[PDB]
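Residue numbers (the entry's author numbering): 1 to 6, 11 to 72. Below is one structure, written out as structure tokens; the observations come after it.
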Amino acid sequence: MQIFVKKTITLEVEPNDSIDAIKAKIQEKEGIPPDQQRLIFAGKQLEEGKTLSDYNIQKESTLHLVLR
């Protein structure tokens, strides 16, 4: 499925990919080390450790990226 991370980027992810994997894909595109990324969805910070499916993040969601 396709999700977005807001200059918005498109990632193609499995519903069960870990937040570590999403940060790595952002690192590949943006150059930000995963440890310097704070990811938020719907006001909730997404944790290294858990998956997109744990947060009920489905297709077309837009994660919001902040630098730490």
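Even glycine gets a Cβ: it sits at the ideal position worked out from N, Cα and C.
Linking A25 to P37 through their CA atoms gives a straight-line distance of about 12 Å. Looking at the DSSP output, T66 bridges to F4. Cβ atoms of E51 and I3 stay farther apart than 8 Å, at about 17 Å. In this structure, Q49 places its C-beta atom within 8 Å of the C-beta atom of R42.
Under the three-state reduction of DSSP, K54 is assigned to coil, being neither helix nor strand.
Contact between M1 and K54 fails: their C-beta atoms lie close to 17 Å from each other, not under 8 Å. The three-state secondary structure of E16, taken from DSSP, is strand.
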